[PDB]
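Sequence lines, in order, name chains A, B and C.
For the first sequence, full-length UniProt numbering gives the first residue as 2, with consecutive numbering after it.
For the second sequence, full-length UniProt numbering gives the first residue as 4, with consecutive numbering after it.
For the third sequence, full-length UniProt numbering gives the first residue as 10, with consecutive numbering after it.
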Amino acid sequence: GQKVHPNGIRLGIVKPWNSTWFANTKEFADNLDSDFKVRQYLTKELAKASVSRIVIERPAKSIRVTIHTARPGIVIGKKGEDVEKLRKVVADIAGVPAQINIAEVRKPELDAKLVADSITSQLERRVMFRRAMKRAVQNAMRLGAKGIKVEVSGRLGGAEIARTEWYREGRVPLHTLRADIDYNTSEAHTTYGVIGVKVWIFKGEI
Amino acid sequence: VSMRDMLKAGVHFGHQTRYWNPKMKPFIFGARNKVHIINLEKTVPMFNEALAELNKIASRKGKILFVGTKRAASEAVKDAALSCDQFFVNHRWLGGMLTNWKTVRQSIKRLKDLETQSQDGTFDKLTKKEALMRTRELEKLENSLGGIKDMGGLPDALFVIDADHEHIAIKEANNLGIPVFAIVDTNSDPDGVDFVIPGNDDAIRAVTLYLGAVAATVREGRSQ
Amino acid sequence: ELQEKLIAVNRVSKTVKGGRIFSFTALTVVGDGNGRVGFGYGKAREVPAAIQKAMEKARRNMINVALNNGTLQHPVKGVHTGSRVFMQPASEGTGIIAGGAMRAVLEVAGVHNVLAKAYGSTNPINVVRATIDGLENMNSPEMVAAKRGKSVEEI
RNA sequence: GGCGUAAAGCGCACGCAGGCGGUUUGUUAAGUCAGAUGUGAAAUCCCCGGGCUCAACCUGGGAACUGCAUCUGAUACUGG
RNA sequence: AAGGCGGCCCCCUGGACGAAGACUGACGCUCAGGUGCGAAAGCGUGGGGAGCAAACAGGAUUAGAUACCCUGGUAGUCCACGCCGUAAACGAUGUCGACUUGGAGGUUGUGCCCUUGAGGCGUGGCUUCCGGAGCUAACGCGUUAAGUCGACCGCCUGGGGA
RNA sequence: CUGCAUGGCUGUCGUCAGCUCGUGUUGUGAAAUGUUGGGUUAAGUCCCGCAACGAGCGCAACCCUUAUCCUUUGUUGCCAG
Numbered sequence: 002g003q004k005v006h007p008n009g010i011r012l013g014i015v016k017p018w019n020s021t022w023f024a025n026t027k028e029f030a031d032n033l034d035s036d037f038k039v040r041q042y043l044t045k046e047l048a049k050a051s052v053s054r055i056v057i058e059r060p061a062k063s064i065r066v067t068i069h070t071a072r073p074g075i076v077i078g079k080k081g082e083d084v085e086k087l088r089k090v091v092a093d094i095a096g097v098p099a100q101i102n103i104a105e106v107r108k109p110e111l112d113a114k115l116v117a118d119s120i121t122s123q124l125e126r127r128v129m130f131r132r133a134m135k136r137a138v139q140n141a142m143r144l145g146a147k148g149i150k151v152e153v154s155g156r157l158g159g160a161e162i163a164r165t166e167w168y169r170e171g172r173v174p175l176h177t178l179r180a181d182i183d184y185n186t187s188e189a190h191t192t193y194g195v196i197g198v199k200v201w202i203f204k205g206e207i
Numbered sequence: 004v005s006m007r008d009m010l011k012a013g014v015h016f017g018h019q020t021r022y023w024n025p026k027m028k029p030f031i032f033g034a035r036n037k038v039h040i041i042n043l044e045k046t047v048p049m050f051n052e053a054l055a056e057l058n059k060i061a062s063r064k065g066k067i068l069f070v071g072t073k074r075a076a077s078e079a080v081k082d083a084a085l086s087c088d089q090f091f092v093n094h095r096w097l098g099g100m101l102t103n104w105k106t107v108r109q110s111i112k113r114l115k116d117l118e119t120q121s122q123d124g125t126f127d128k129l130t131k132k133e134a135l136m137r138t139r140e141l142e143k144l145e146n147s148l149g150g151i152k153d154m155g156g157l158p159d160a161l162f163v164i165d166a167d168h169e170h171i172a173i174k175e176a177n178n179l180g181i182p183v184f185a186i187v188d189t190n191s192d193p194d195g196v197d198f199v200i201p202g203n204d205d206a207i208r209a210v211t212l213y214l215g216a217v218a219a220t221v222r223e224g225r226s227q
Numbered sequence: 010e011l012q013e014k015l016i017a018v019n020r021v022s023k024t025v026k027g028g029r030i031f032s033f034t035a036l037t038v039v040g041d042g043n044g045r046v047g048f049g050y051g052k053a054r055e056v057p058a059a060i061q062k063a064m065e066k067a068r069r070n071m072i073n074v075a076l077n078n079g080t081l082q083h084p085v086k087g088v089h090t091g092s093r094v095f096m097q098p099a100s101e102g103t104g105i106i107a108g109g110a111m112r113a114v115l116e117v118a119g120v121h122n123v124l125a126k127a128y129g130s131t132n133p134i135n136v137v138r139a140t141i142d143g144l145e146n147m148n149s150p151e152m153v154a155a156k157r158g159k160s161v162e163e164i
C-alpha cells in the first residue's frame, strides 16, 4: 500500500509549517512562487553547507528566511560576507527587503534531510549501498534516536532490475499521530539513473 | 537423617508397578499390593553422599536454586529457600530460564522497575485501569520470577523435587554443565541427574524431610 | 587466539503467499590449532549476519581430541547420515591430504599429517559431523592403559 | 555396496548334488604354522654405489620375484 | 507352508501345543538344478442353472456418452474329472539359530493357593497395540526388529526402450 | 522510443488481521516452535495454559467532525424582561 506523507498528516499537531505567513487571495499565488524561488536558490548555493530546512515568514512587507544547517560557519562565511551577499540576491527574488538568520543543528545524525543527503552523497561516489545505509542507522541509534528506518530504491550496485532494500532499527510507529517522526527524502543521480532514499527518525512522542 | 525417620515419612513408598522406569531397577526393594518399594539402604548413603557436596558448594559462596512446581511441594520449597537465603522456582519453570538467561534478565529488570516505581514513586499518575494493569503485571511477574530476582547470574547448583515433572529444568542444567541433585521416584529417569537421591516425591511430609536436610547443610556451609 | 574457517554458504528458501523468502546458511569450524574443534551452522537473511551466528555457535560447542605430534593416534572411521569418512595417521611431511570439508576441520584441529578419504555423500554439513564423530571417539595410549589397568610396552 | 517405501526377498513348500555343522578323549597330520634345501633366465622395478660436465642414458653389488616342489618339526584351530 | 478355511451331524485324515517321565545319541541347518502345492479370471469333456452378472439390447444423462444410473440379459459363477501356473500371490520384510530395557491387552495349555468368589502366586505356546536403547535418508522398526551376530540361498547395479 | 533500465506519485488484494525478528530450544537439514491449544473480542483483542522468553510493523488509542452541558467573549449575530 501507499503511505500518507508522515510530515503532512502531522502538521498542526506536532510538526509546524515552514512557510508561516498570512495572505489573502490576490497575493497568495505570488508569495508561493517567491517562496519557491528563494528555496530553489538557497538549496543550489548551500549544497555543501548541510541545510536541513529553510523556514520563511513574512512580517510587514518584508521577507525573513531562517536557515537550519549543520554548518553555521560555512553559511556565515567570514564576518558574514556570505550571509550579506545572500540577502541582496534573495531581496531581488522576493522583491521586498530581506533578512537571513541561521540556526545550528547540533546532531546532524538525527536530521532526516541530512542523513538522506549524506547517504545520497556516498552513492554518487560509488560506495557499496549496504554500508551507507547501515552506518547511518548505527549513528542515529548511538545518539539516542528511539528508532529509524532507511529505504533505498532502484538499481543498486548498478543492477539491471530495480529493488528496494530497507533497514529498520528500534521503534518507528507511523500510525501514531502523537509521534514525532522526522522524515525526508533525496535522489542520488548516478550513471545507473536515479536511486531514491527515504529516512524516518522517531525521537519519542508528544 | 535416619532410615527410621525416612520410614515415618513415606520415602520407601513408590508409584504403581505399571508406571516404573526400568532404569530405577537398582534402587528398588520389591512390590506390595502392586506398588514398588524404594530400597532405603540405597537412599541413605546416596543422600549423605549428596549433602556432602551441598555443604562443599555452599562453603565457597555458590548459589543454589530450588525447583518444585508440584502443587504438593510448592509452598515447601518457597519456605525452605528463604530459611537459607537461596533462590527458588514454584510456579512455571520458563522454557530457557538458564540457557536463555540473557533474555530473562530483562523481565527481572522489569520486576525491579515495577516494585520500585510503585511503592516509592508510588505511581499516582494512573488513569485507574493503568494503576491495576501494572498491579496485574507486577503480580504475574512476582509468581514467575520472585524467587530468582536477586541471583544476578547463573546458579552453581540445582535441587529438583521430581525429576520426571521438572525434566525441562534438568535438561537445561546439562547444557550448561551445572551439577543437578534430584529426588527420583520409581517412575522417573536418573540419567541427566548427577547425584540421584531415590525417594518418594509425592507426599508432603516426604518432601519436607529432604528440604529439612538441605536447608540445614546450606546454612552450615554459608556460616562456615 | 584461535583459527576460524568458513566452509560453505547455501542459499535456502521458504515459500509464502508472496513468493520466496530467501535466506542464507553458513558453516564454520573454529579451533585452537592444537586439538580443540567446534563447528557451528548459522542462518540469517543476510550473509555476514549468518557467518557471525555460526562463529558464535562454534565457540561454545567445542570438543577435545588427543593428537600425537600433530597427527592421529590410530586409523579411525566415522559416520553421520550419508557421509562415511576414513582417516589414517601419516608420517611427517605428508600434509593434510583430504577432501573439501574434511580439510578445513583437520587444519584448525591442528592435525598436520593425515590421509583422509570421504566415501558416501559429501554434503559439507554431514561430513564435518562425521569427521568430528571420528576424532572424538579416537583414543590415546594413556586412556587404554587406564581402561584395562596396564601401562606396558604397548605404551 | 546393497535388497520395508529409492533397483532389489522366488507365490509357498519338500528335497538330491553343494556349502556349513553342538560337546568330549584318543589318534592321524590333509588344510594350517615354523625351519632347511632346490628352483623361480637375464633385462625391468626398488635400495646403496660407480661412469657419461648434469640429466635422461649406461653400469657394479644387493633386495625382490608374494610362487611351486622336496625334507624335518609344531598340533591350538579346520579336516580325516 | 502358502493359496486359503465359516449352519448342524457322521465316516476317513494332517499338523500344532502342553505336562511328567522314558528312549535314540548330532540323526542337524540351508538348498542351484528337480518334484509338489498354488486366489480370481480363463480353457476342455459332461452335468446343473435359483440369485448375480462380463458381452449384448433398450431407457435415461450428456456437446457427445461406445460409460457412470435404470429395465432386462448370455458366457461365467455351482458339481465331477482334466489343464492353465498367474495376482498390490503384500508384513511390498527368504529360511534357521543365538543374544539385547519395559507397559497394556487378547487366545490356548499347565503347576502351586482359608480353589473359600467370576479369585491369589507362577510357567509354556500363538497373537494385537504402545514405546526404550539401538538402527534408519527419513518415515518408521523396535525381543514376533528394520537392534547385536552367525549359516545357507535368491536378487539389484541410471530413466525410457522392455 | 523504452513504465520490461529508473526515482517520485497512484491503483489493487484490504481497514483484511495479519506479517516478522532476536535469544533460546527441537530437528543431519529444508524448517519448526513462539504465531498453536481452551475461552473470548471488531481485532495475533485480552486472559489462562504450553520450550519458550521477549521485541517490532500492524489492531487499538493519540487527530478532525458530529451528539449534552459549563466558562469567557457580545458586532456586522441575538431579542426574554
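We put the beta carbon where it would ideally sit given N, CA and C, even for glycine.
Secondary structure at residue i, three-state DSSP: helix, strand or coil?
i                      : result
residue 112 of chain B : helix
residue 37 of chain A  : helix
residue 191 of chain B : coil
residue 202 of chain B : coil
residue 82 of chain B  : helix
residue 164 of chain C : coil
residue 174 of chain C : This structure cannot settle anything about residue 174 of chain C, because the visible part of chain C is limited to 10 through 164.
residue 62 of chain B  : helix
residue 37 of chain B  : coil
residue 170 of chain B : helix
residue 193 of chain A : coil
residue 12 of chain C  : strand
For the beta strand (DSSP E) containing residue i, list its first residue and its last residue.
i                      : result
residue 33 of chain C  : 29 to 40
residue 30 of chain B  : It is not in any beta strand (DSSP E) - residue 30 of chain B carries neither H nor E in the DSSP assignment.
residue 12 of chain B  : Careful: residue 12 of chain B lies outside any beta strand (DSSP E), inside the alpha helix (DSSP H) at 6 to 12.
residue 19 of chain B  : 16 to 19
residue 225 of chain B : Premise fails: residue 225 of chain B lies in the alpha helix (DSSP H), 207 to 226, not in any beta strand (DSSP E).
residue 149 of chain C : First-last for residue 149 of chain C: undefined, no H or E at that position.
How many Å lie between residue i and residue j at the Cα?
i                      : j                      : result
residue 71 of chain C  : residue 179 of chain B : 13 Å
residue 11 of chain C  : residue 39 of chain C  : 7 Å
residue 100 of chain B : residue 68 of chain B  : 12 Å
residue 161 of chain A : residue 25 of chain C  : 25 Å
residue 150 of chain A : residue 56 of chain C  : 20 Å
residue 90 of chain C  : residue 78 of chain C  : 31 Å
residue 1 of chain B   : residue 108 of chain B : Missing from the structure shown is residue 1 of chain B; chain B here goes from 4 to 227 and no further.
residue 193 of chain A : residue 159 of chain A : 6 Å
residue 12 of chain A  : residue 21 of chain A  : 12 Å
residue 206 of chain B : residue 60 of chain C  : 52 Å
residue 46 of chain B  : residue 171 of chain B : 24 Å
residue 111 of chain B : residue 16 of chain B  : 39 Å
residue 97 of chain C  : residue 155 of chain C : 24 Å
residue 121 of chain A : residue 175 of chain A : 23 Å
residue 210 of chain B : residue 146 of chain B : 21 Å
With residue i as the anchor, note down where its alpha helix (DSSP H) starts and where it stops.
i                      : result
residue 135 of chain A : 130 to 143
residue 138 of chain C : 133 to 146
residue 64 of chain C  : 56 to 68
residue 138 of chain B : 132 to 148
residue 161 of chain B : Where residue 161 of chain B is concerned, there is no enclosing alpha helix (DSSP H), although the beta strand (DSSP E) it sits in stretches over 160 to 164.
residue 26 of chain C  : No alpha helix (DSSP H) contains residue 26 of chain C, which DSSP labels as neither H nor E.
residue 114 of chain A : 113 to 125
Is any non-hydrogen atom of the ligand MN found closer than 7 Å to the C-beta of residue i, if you look at the structure I gave you?
i                      : result
residue 206 of chain B : Absent from the structure shown: the ligand MN. Ligands present: none.
Taking contact to mean 3 or more Cβ pairs, one atom from each stretch, closer than 8 Å, check whether the segment 101 to 117 of chain C and the segment 205 to 223 of chain B are in contact. no
Extract the residue ranges of the beta strand (DSSP E) inside the UniProt domain "KH type-2" (39 to 107) of chain A, only unbroken runs of 3 or more that lie entirely within it. 52 to 58 and 65 to 70
Is there contact here, the segment 73 to 87 of chain B with the segment 103 to 115 of chain B, by at least three beta-carbon pairs under 8 Å? no
Counting Cβ pairs, one atom from each stretch, are 3 or more of them under 8 Å apart for the segment 76 to 92 of chain A and the segment 123 to 142 of chain A? no
With a threshold of 8 Å, are at least 3 pairs of Cβ atoms found where one atom belongs to the segment 12 to 23 of chain C and the other to the segment 41 to 55 of chain B? no
Would you check if there are 3 or more beta carbon pairs closer than 8 Å linking the segment 161 to 177 of chain B to the segment 194 to 206 of chain A? no
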